[PDB]
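Student: Before I ask anything, let me first share the structure, which is written out below as structure tokens.
Dropping the structure here:
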């Protein structure tokens, strides 16, 4: 069953942002942080916790091929309106058992990078975000 | 028998005010304060008490999504008529067994917040009140 | 129905004082405090209340750009005549639906701040007041 | 889909399971579903313990 | 569409309390007479047909009055005679009754009535009760009374004749009360019998009369059930418990037919609503003080699990909640727990001087 | 119905009207028709046999007259078709799904 | 197959055995008597063959 070839490789992923495929993508990450409170119960030394909620966090890093990130939110942010986007990530490695696809919804970004360059260095842009909902599509 | 998961969480609660659901609810509290008089009985050292009545107090805190509180009482307060309302609170945690529903009757509010805001701060409204009678609906 | 963006933000508010727009406004607050008398009815345990009237209170905090408050009341206070003003507050958040505008009439200020400064601290002025009547203009 | 691909003559011995799903089928499309249909209350069993 | 503008004012009778779920206290009477054949209801004593014989009218009068109160309705069906009782029983199937007895009975007729009642109660799920003279029957549907030569109104009454009085006596009692140790004014003289023999007869399950203290009174309200199975308890031998169980069964069946058959989807929410309705009815009975106050209704886990396993679905990984709300099709499985109150029958006291 | 004697072919209009009247969520089993007042008597076991035969019949029950069950005319079941196809409501919602899709 | 709808109410008292795998407390005494030969279980004093 278990073999080295079965491990998924990051080179085979792809990301859709707002219905448009993003080709200049370096990495994509999403995570959910649960909220738990310590509760001490009389007669037991081991402490136990109660789950109260979760918080979603993530980030996207992409090569600075074009000024894509500006056109999305640059003018809307100044006026006072915040947009919400939907992202889809697909990881399809030929060696592994099929592919898994996930939709991350209600995405709101943390910052906007107007300009970042240095002599002799290739340009890159990383944007962190927070989300609320998700779906499972073709999970392995 | 006693487990950490059995503790009720306030996230799962909901409130009805005058038959209209309040989705913008932050916290709800209703309390009954008894009235007791000290009685000293000759021949015994310990002081004893006599119970005479109770007074009900509480408060509601909600986000400033809309101007709900103004339309309820603002015009009637000027004229001289004091309205009375009924509130229903249900606390249904999936991990806990059973949901408690309590109705608080004959509510009279203490104040009306016409306007309150500050730069860089989200708006919130809180309103204390006093009530007279309650009712138990499906207590655990 | 209920969304996070619907919560009103205080940054989008603005205040008019005596028909002149106040651009240097930090926070505004107007409140109405009711007067209630305890009433005990024979035969029932729960104490009840009777409503008699209301008193209005509030305060305004603003940066020390200019000497606006002095020219309003300083000379008239010495003579013995107490001026009365009218304030209008509008709260228009682009994300929220609708903007509420409330007029507060017959304002009388509580104090005058002649001078207040400290080294290495920016200057601010706050002035509480009491009012009598209000009015609703385009509530949500 | 696998049967149609076999009929068209391509060899599926060296085809990955995921590869078969996205292979060309011309104009034909093959889908399947799984739903459960509710019914009205028509039989009731009750046992009260004395 | 449009008509002339017109107004109407109408008067109507008020709607009061709630309709009775199941009528209680109906007595079925059957006898052989030359005429006045067919169903003949009797509400009060004054309106009896004058054509029928005075001897039959005496049984009718005996049935009219009750132990505590007059029964709500008396139904008398007359056959021509010299014919099998099966036709009369088939006719009586349509009508609803709480009690039925045979003043003029033979051994074959008693056996036929016993078999008919047992078959009806078991197969048809219809709850009726019968009073018979000399039977060894063990079903709770039969109430066996055994006292020979009853002297009432300076007349000697046989066991079968006095079954008519016994039926009305049982029917007159309300649900809360019981016929045990209740005096019978009309009866005066009884053949003598020792107390230990009375204990033996009551142990067998038969119903007898006893002198006891003062006037004559019914010894015990025991049923004809003598064989106790693992599934039948000891409490089944009392008349009052059986009667209140039958009332509960009829009310629940009527409610389910009226409001929940063919009108709601078989979903978990509708099951919860049905549970709530049944709980409300049980709480109403609790307030009426017939049963204990902590009756509860909940989903029947074991039956649903067995049905799902028969369907062939695997339950290995499902949670208890998932099995609770699994789709079952049309069928619904439920179970409940109650406790039946009883009136005082035995008292013991200890006194310290 | 209404001082009239109807043949079995006559009442199909009423049957079709009742079937079409009901909403999608409910069924027609144990639905009472106040207009119908009398029917020839039939024993209950014969009604069971008739329902097993694939018929749709009116049953004499406590209270008003009503319909015993809402089965179809399907009698034999193949490997592809089971017992859910015998019910009218399931077939109707299947047809609705088919048309919509 | 499908029959007329049935809403049956069947009731019975609860009997609890709370009994483990093994049986504890069974005495088997064999006797010599003229009649009633064979196993005759007894639970209480009353059901003793005459």
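Chains as they are written, first to last, in the entry's author numbering: chain A, 3 to 142; chain B, 3 to 142; chain C, 3 to 142; chain D, 305 to 354; chain E, 2 to 354; chain F, 153 to 253; chain G, 2 to 51.
All C-beta atoms, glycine included, are put in the ideal place defined by N, C-alpha and C.
Can you pull the chain B neighbours of residue 51 of chain C, defined as C-beta to C-beta under 8 Å?
Tutor: On the third chain, residue 51 of chain C is found 49 positions in, with the first residue counted as 1. Ordered by position in chain B, the residues that pass the 8 Å Cβ test against residue 51 of chain C are 110, 132.
Student: Quick one, which residues of the region 338–352 of chain D are near chain F if we go by CB-CB under 7 Å, in chain order?
Tutor: Of all residues in the region 338–352 of chain D, 341, 343, 344, 346 have a Cβ within less than 7 Å of some Cβ in chain F.
Student: Under 8 Å: do the region 89–108 of chain E and the region 227–234 of chain F share three or more Cβ pairs, one atom per stretch?
Tutor: no
Student: Going along chain A in order, which residues have a C-beta closer than 8 Å to the C-beta of residue 13 of chain B?
Tutor: As a working mapping, residue 13 of chain B is identified with position 11 in the second chain. Those are 54, 55, listed as they occur along chain A.
Student: Can you tell me which of the three DSSP states residue 191 of chain F falls into?
Tutor: As a position in the sixth chain, residue 191 of chain F is number 39, starting the count at 1. In this structure, residue 191 of chain F counts as coil in the three-state DSSP scheme.
Student: Have a look at E:199, E:181, E:257, E:134 and flag the residue whose alpha-carbon is nearest the alpha-carbon of residue 1 of chain E.
Tutor: With chain E represented from 2 up to 354, any question about residue 1 of chain E goes unanswered, as that position is not in the structure.
Student: Give the list of continuous alpha helix (DSSP H) stretches no shorter than 4 residues that lie fully inside the region 21–51 of chain A.
Tutor: none
Student: Within the continuous beta strand (DSSP E) that includes residue 41 of chain E, where are the two ends?
Tutor: On the fifth chain, position 40 is the one that residue 41 of chain E refers to. That run of the beta strand (DSSP E) goes 39–43.
Student: With a cut-off of 8 Å, does the C-beta of residue 88 of chain E fall near any C-beta of chain F?
Tutor: By one-based count along the fifth chain, residue 88 of chain E stands at place 87. For residue 88 of chain E, the answer is no, since every Cβ of chain F falls outside 8 Å of its Cβ.
Student: On a Cα-Cα basis, can you pick out the residue from D:328, D:323, D:321 that is closest to residue 312 of chain D?
Tutor: The residue you call residue 312 of chain D lines up with position 8 of the fourth chain. From the listed residues D:328, D:323, D:321, the smallest Cα separation to residue 312 of chain D is found for D:328.
Student: Report yes if the C-beta distance between residue 176 of chain E and residue 291 of chain E is below 8 Å; otherwise report no.
Tutor: Taking the first residue of the fifth chain as position 1, residue 176 of chain E is located at position 175. Taking the first residue of the fifth chain as position 1, residue 291 of chain E is located at position 290. Taking 8 Å as the Cβ cut-off, residue 176 of chain E and residue 291 of chain E qualify as a contacting pair.
Student: Checking the sheet assignment: what are the DSSP bridge partners for residue 94 of chain A?
Tutor: Working through the first chain from its first residue, we reach residue 94 of chain A at position 92. Per DSSP, A:101.
Student: If we ignore side chains and look at the alpha-carbon of each, how far apart do residue 23 of chain C and residue 28 of chain A end up?
Tutor: Taking the first residue of the third chain as position 1, residue 23 of chain C is located at position 21. Taking the first residue of the first chain as position 1, residue 28 of chain A is located at position 26. When rounded, the distance between both Cα atoms is 51 Å.
Student: By the DSSP assignment, the alpha helix (DSSP H) with residue 309 of chain E in it spans what residues?
Tutor: Indexing the fifth chain from 1 puts residue 309 of chain E at position 308. Where residue 309 of chain E is concerned, the enclosing alpha helix (DSSP H) stretches over 302–312.
Student: When the cut-off is 8 Å and only beta carbons count, does residue 238 of chain F lie next to chain I?
Tutor: Absence of chain I from the displayed structure is noted, the protein chains being A, B, C, D, E, F and G.
Student: Rounded to whole angstroms, what's the CA-CA distance from residue 126 of chain E to residue 9 of chain G? Just pull it up for me.
Tutor: Looking up residue 126 of chain E in the fifth chain gives position 125. Looking up residue 9 of chain G in the seventh chain gives position 8. In a straight line, the C-alpha of residue 126 of chain E is about 7 Å away from that of residue 9 of chain G.
Student: Helix, strand or coil for residue 34 of chain E, going by three-state DSSP, please let me know.
Tutor: Reading the fifth chain from its first residue, position 33 is the one you call residue 34 of chain E. Of the three classes helix, strand and coil, the one that applies to residue 34 of chain E here is coil, per DSSP.
Student: So, with DSSP's three-state summary, where would you put residue 108 of chain A?
Tutor: Taking the first residue of the first chain as 1, we reach residue 108 of chain A at position 106. If DSSP states are grouped into helix, strand and coil, residue 108 of chain A belongs with the strands.
Student: On the three-pair Cβ rule with 8 Å, is the region 25–40 of chain B touching the region 53–71 of chain B?
Tutor: yes
Student: Scan the region 92–106 of chain A for residues whose Cβ lies nearer than 8 Å to a Cβ of chain B and list them as they occur along the chain.
Tutor: none
Student: Quick check on the burial criterion: 16 or more other C-beta atoms within 10 angstroms. Buried or exposed for residue 123 of chain B?
Tutor: Stepping through the second chain from its first residue, residue 123 of chain B is reached at position 121. Result: exposed.
Student: State the beta-bridge partners of residue 138 of chain C as determined by DSSP.
Tutor: The count along the third chain starts at 1 and reaches residue 138 of chain C at position 136. Paired residue(s): C:104.
Student: Drop a sphere of 10 angstroms on the beta-carbon of residue 79 of chain A, count the other beta-carbons inside from all chains shown, and report buried for 16 or more, exposed for fewer.
Tutor: Looking up residue 79 of chain A in the first chain gives position 77. So residue 79 of chain A ends up on the exposed side.
Student: Measuring CB atoms only, is the region 260–268 of chain E touching the region 333–344 of chain D, in the sense that at least three cross pairs come out at less than 8 Å?
Tutor: yes
Student: For residue 43 of chain B, collect the residues of the same chain with a Cβ closer than 8 Å to its Cβ; drop the 5 residues on either side in sequence, then sort them by chain order.
Tutor: Within the second chain, numbered from 1, the residue matching residue 43 of chain B stands at position 41. The beta carbon of residue 43 of chain B is closer than 8 Å to those of 50 in its chain, skipping five residues each way along the sequence.
Student: Anything in chain E within Cβ reach of residue 49 of chain G, meaning under 7 Å, just list it in chain order.
Tutor: As a first step, residue 49 of chain G is located in the seventh chain; it is residue number 48 there, counting from the start. Residues of chain E passing the Cβ test: none, with the nearest at roughly 16 Å.
Student: Kindly indicate which three-state DSSP category residue 224 of chain E falls into: helix, strand or coil?
Tutor: Taking the fifth chain and counting its residues from 1, one reaches residue 224 of chain E at position 223. It is coil, neither helix nor strand.
Student: For the pair the region 7–17 of chain C and the region 89–99 of chain C, tell me if three or more CB-CB distances fall below 8 Å.
Tutor: By the Cβ rule, the region 7–17 of chain C counts as touching the region 89–99 of chain C, because three or more pairs are nearer than 8 Å.
Student: Using a C-beta cutoff of 8 Å, does residue 204 of chain F count as contacting chain G?
Tutor: As a first step, residue 204 of chain F must be located in the sixth chain, where it is residue number 52. Yes - at least one Cβ of chain G is within 8 Å of the one on residue 204 of chain F.
Student: How would you call residue 130 of chain B, buried or exposed, if buried means at least 16 neighbouring beta carbons within 10 angstroms?
Tutor: The count along the second chain starts at 1 and reaches residue 130 of chain B at position 128. Answer is exposed; the Cβ neighbour count stays below 16.
Student: So if DSSP puts residue 143 of chain E in a beta bridge, which residue, or which two residues, is it bridged to?
Tutor: Counting from 1 along the fifth chain, the entry for residue 143 of chain E is found at position 142. DSSP, once it has assigned bridges, lists E:131 as partnering residue 143 of chain E.
Student: Using a C-beta cutoff of 8 Å, does residue 197 of chain F count as contacting chain G?
Tutor: In the sixth chain, the residue the question calls residue 197 of chain F occupies position 45. Not an interface residue.
Student: Kindly say whether residue 45 of chain G, judged by its beta-carbon, lies nearer than 8 Å to any beta-carbon of chain E.
Tutor: Locating residue 45 of chain G in the seventh chain gives position 44, where the first residue counts as 1. So, not an interface residue.
Student: Evaluate residue 72 of chain A with the Cβ neighbour count: other Cβ atoms within 10 Å of its Cβ, from every protein chain shown; 16 or more gives buried, anything less gives exposed.
Tutor: Stepping through the first chain from its first residue, residue 72 of chain A is reached at position 70. Under this definition residue 72 of chain A is an exposed residue.
Student: With distances taken from CA atoms, which of C:108, C:107, C:89 is nearest residue 18 of chain C?
Tutor: Walking along the third chain from the start, residue 18 of chain C turns up at place 16. The alpha carbon of residue 18 of chain C has as its nearest neighbour, out of C:108, C:107, C:89, the alpha carbon of C:89.
Student: Considering only the alpha carbon of each residue, which of E:66, E:247, E:87, E:195 lies closest to residue 122 of chain E?
Tutor: The sequence position of residue 122 of chain E within the fifth chain is 121, counting from 1. For the residues E:66, E:247, E:87, E:195, the minimum Cα distance to residue 122 of chain E belongs to E:247.
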